[PDB]
Amino acid sequence: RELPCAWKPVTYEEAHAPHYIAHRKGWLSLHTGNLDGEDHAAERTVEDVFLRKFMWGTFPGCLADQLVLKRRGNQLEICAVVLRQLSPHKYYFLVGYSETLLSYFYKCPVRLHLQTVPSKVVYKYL
Amino acid sequence: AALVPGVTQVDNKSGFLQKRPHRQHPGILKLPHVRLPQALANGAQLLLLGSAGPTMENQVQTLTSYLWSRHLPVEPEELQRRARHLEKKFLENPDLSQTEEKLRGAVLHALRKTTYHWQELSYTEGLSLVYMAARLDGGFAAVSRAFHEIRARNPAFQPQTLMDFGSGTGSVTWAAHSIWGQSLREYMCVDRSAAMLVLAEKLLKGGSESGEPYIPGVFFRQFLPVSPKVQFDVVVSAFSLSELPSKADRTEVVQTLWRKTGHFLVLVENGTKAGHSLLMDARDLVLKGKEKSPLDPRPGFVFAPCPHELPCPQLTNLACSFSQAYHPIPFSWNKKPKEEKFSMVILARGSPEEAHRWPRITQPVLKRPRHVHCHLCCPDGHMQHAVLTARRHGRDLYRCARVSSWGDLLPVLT
Amino acid sequence: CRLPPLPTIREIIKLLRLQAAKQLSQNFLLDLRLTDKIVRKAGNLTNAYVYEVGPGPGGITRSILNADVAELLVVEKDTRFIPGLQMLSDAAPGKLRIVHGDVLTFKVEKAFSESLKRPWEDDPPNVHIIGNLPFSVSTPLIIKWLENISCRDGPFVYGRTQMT
RNA sequence: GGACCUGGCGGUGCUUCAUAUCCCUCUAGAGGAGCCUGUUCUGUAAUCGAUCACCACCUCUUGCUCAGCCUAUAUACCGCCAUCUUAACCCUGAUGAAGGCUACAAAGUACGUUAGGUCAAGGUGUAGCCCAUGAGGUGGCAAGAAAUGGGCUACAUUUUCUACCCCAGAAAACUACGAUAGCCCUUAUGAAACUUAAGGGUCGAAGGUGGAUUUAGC
Ligand SMILES: C[S@@+](CC[C@H](N)C(=O)[O-])C[C@H]1O[C@@H](n2cnc3c(N)ncnc32)[C@H](O)[C@@H]1O
Ligand code: SF4
Ligand SMILES: [Mg+2]
């Protein structure tokens with residue numbers, strides 16, 4: 001009517017700040033490229049960016065929390081956390097689809113490790 | 001459209017084409033980089049000698065950003081409309097279809113967002129110092145450009161009486177002395193804040209509480225003189241009308257200033273949408289005179305920057321501002337030259353001098369190989385985005401546009 | 001006629017370099033409306049020659065000047081108000097003649113022209129004195145001017161000059 | 001009109017002091033050369049602007065390909081940044097406004113916004129010119145002086161050169177010191193070196209310690 005009358009949940013990853021990455025958080029992607037003497041760090045970074053974009057675009061609104069991309073040898077393990085909103089048959093379809101498509105795009109044995117939670121696991125409210 | 005390819009030609013009065021180069025064609029109104037007087041500079045630095053540390057840089061940046069981003073006070077009409085809209089939206093939603101009292105509270109909570117909190121700035125001595133150090137040079141540059149307009153087009157004008165509403169630091173007075181120093185004999189300055197009056201006096205006395213004024217004839221007042229009998233030659237209001245808490249106050253202040261105006265009334269505000277809207281409100285107020293039988297029966301017109309008296313073509317969504325470059329006052333944070341963006345309007349008593357008025361460029365002119373882009377506000381009351389080329393409009397037109405800049409006048413006829 | 005604004009109290013304090021409202025030791029009539037009333041009670045001054053005393057800020061000065069006097073002679077004892085009175089003089093060309101000195105000692109019989117001297121038996125001789133002075137100096141002046149009337153000299157060399 | 005209550009005094013002055021930054025003191029530098037910047041003024045038909053651009057002249061024409069254009073627009077969206085906004089209880093006064101502490105203790109405890117910049121096309125659009133905003137050619141255009149604003153070498157004896165890594169020998173203010181000043185030549189990298197960098201030679205300029213102010217410090 002007149003002026004003087006007038007006058008967010010966060011996950012553990014979201015809650016903590018960038019200056020805690022080696023103190024309270026960890027690294028979502030884990031590989032040997034950045035170690036001293038190792039090579040191909042940029043290729044791994046590009047692969048990581050494409051992996052995250054693809055996984056978020058192929059599981060729209062299903063991913064509760066960020067991906068974790070692990071590499072052992074030439075294996076590529078996508079540990080994802082999703083919700084229980086989508087039907088299990090569609091989850092299996094998408095799992096097989098993504099596994100095959102990423103294996104043939106990167107020429108390595110990709111594998112995917114869905115973990116369903118009932119809902120977002122809030123840590124604080126910011 | 002003041003620019004028809006092949007038809008419109010340059011207006012060659014006084015033989016400027018034959019008797020003068022094109023860079024000095026009559027419509028040039030560019031002002032070189034503005035440098036403040038040594039007296040004002042030394043005074044400001046001496047007054048800020050007491051405390052000019054890292055905190056002052058942060059305070060100056062914060063205050064400048066707050067002033068630049070500040071919006072006009074929201075009148076009850078728009079708030080009522082927004083409240084009705086949001087009320088209806090919440091009624092539609094089953095989840096938010098709560099009781100009336102609960103509903104009204106939620107609408108108020110959402111109106112706390114999507115709306116700007118307008119707060120009066122209470123300028124104390126500290127905030128007065130910060131505003132000085134933040135805006136003295138910018139205000140001086142803007143006012144200097146505004147006065148240079150009047151001189152460049154009307155050099156026969158020799159004012160003797162100046163008034164300044166919302167005179168915070170004396171920038172208008174300093175510019176007026178730097179320009180018309182050989183004819184002015186009185187400088188009326190008005191400001192509700194006592195601290196700014198003290199600061200302006202101290203600056204005029206060379207940054208010392210005891211001294212001799214650099215500019216003679218300055219009068220300082222706290223309350224606006226309200227009487228049509230006393231009429232000044234020039235009345236100025238720079239970055240002042242935005243401080244008033246409601247549109248009614250702006251209305252009454254603008255009416256009073258116009259009533260006390262003899263020759264020229266200059267209004268200067270920040271170069272944002274808010275300032276442009278405020279200046280157009282003032283323009284429509286003055287042009288559409290409502291006084292039944294005022295003491296001064298002379299009519300009024302827009303001397304600058306508009307070449308017409310119709311409603312602005314840009315007031316729908318866009319704005320209309322100008323830029324003036326200036327050398328900032330030496331400080332621990334002021335190194336490179338800056339640019340002041342400001343909107344201005346000059347209203348003059350009487351009628352337009354002639355009928356050969358010229359378009360105004362309201363945007364940076366872009367030079368490109370063999371063509372020039374100019375945004376022109378035509379005397380007919382419309383904007384025109386013109387690409388000038390020698391082949392289409394002629395060599396003289398193309399060269400004149402090539403030498404012109406932002407805020408100039410393009411001398412065309414028919 | 002465009003005149004400069006009447007000084008406010010704060011400007012007066014600063015001009016007297018007192019920096020306070022308690023060491024003023026003076027009282028100023030800064031209402032042009034009462035001063036206009038006074039000059040109205042002084043009679044019809046059109047084309048008249050006025051000798052004003054104790055102008056100070058100059059409210060009475062402005063009120064008389066708005067009336068169509070032929071020439072206004074001011075006598076001021078403070079140099080600190082002479083700047084304001086000079087601004088008033090610039091505002092009104094030729095109608096204000098400022099003189100620094102005492103009103104107790106200034107010689108008015110030479111101030112104005114000799115063509116205004118009308119015989120004693122006739123009407124008041126088109127010259128008028130108006131004054132809003134300190135009460136500590138207005139009584140010696142009235143005694144002195146009464147003596148002058150008794151001798152028909154001083155300001156009354158012109159005849160029966162009216163005082164207000 | 002009488003009595004009383006809360007106040008605010010954007011309050012005004014004085015005695016004490018903590019009184020740190022800023023002063024003063026201490027030290028360290030710098031301020032006067034020779035490099036750059038940004039501005040102004042003057043002058044040009046024109047820009048001391050990055051082949052392209054500009055000025056003065058000309059030419060081409062359905063042409064390149066239903067051509068072509070480093071044109072405008074984020075003041076079209078999207079995005080990347082940046083601006084601003086976002087208490088309760090219990091006693092006292094006769095149950096009046098109102099008030100509530102003493103320790104050898106006397107009622108007190110608990111998202112929106114933007115004439116924003118960034119296409120020196122992140123992407124999707126929208127308009128411009130299309131006998132000239134397209135494509136060529138011929139000449140010219142490669143400015144001058146102060147200033148004030150600030151990143152830049154030495155001025156020599158507690159110095160320089162050599163041996164050495166601290167017990168030596170020389171040279172010393174006109175064959176003294178010093179240039180990251182100018183010129184020439186070699187090397188490096190590159191298709192390309194006046195372009196950029198390094199080395200040698202030539203040279204041996206100012207400099208003769210620079211006040212007010214003033215820059216730093218625990
Ligand atoms: C912030 S200054 C703007 C800059 C100033 N005009 C200049 O020349 O630099 C505007 C001044 O107007 C004054 N002001 C605002 N409202 C006023 C009013 N209603 N009456 C008198 N002065 C007012 C304020 O004291 C404020 O200092
Ligand atoms: S010149 Fe034209 S566009 Fe600019 S403010 Fe005036 S009317 Fe508006
Ligand atoms: Mg060139």
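Sequential numbering from 1, following the chain as shown.
Positions of Cβ are set from backbone N, Cα and C atoms, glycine also.
Swiss-Prot has this to say about the protein:
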- B:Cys306, B:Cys312, B:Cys320, B:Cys377: [4Fe-4S] cluster binding site (BINDING)
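Cβ proximity to the [4Fe-4S] cluster site centre (mean Cβ of B:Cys306, B:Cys312, B:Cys320, B:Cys377, cutoff 8 Å) flags the following additional same-chain residues: B:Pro305, B:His308, B:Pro313, B:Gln314, B:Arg360, B:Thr362.
For B:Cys312 ([4Fe-4S] cluster binding site), the number of other Cβ atoms no farther than 10 Å from its own Cβ, over all displayed protein chains, is 22. In this structure, B:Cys306 ([4Fe-4S] cluster binding site) belongs to neither helix nor strand by DSSP; it is coil. Every protein chain considered, the tally of other Cβ atoms within 10 Å of the Cβ of B:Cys377 ([4Fe-4S] cluster binding site) stands at 23.
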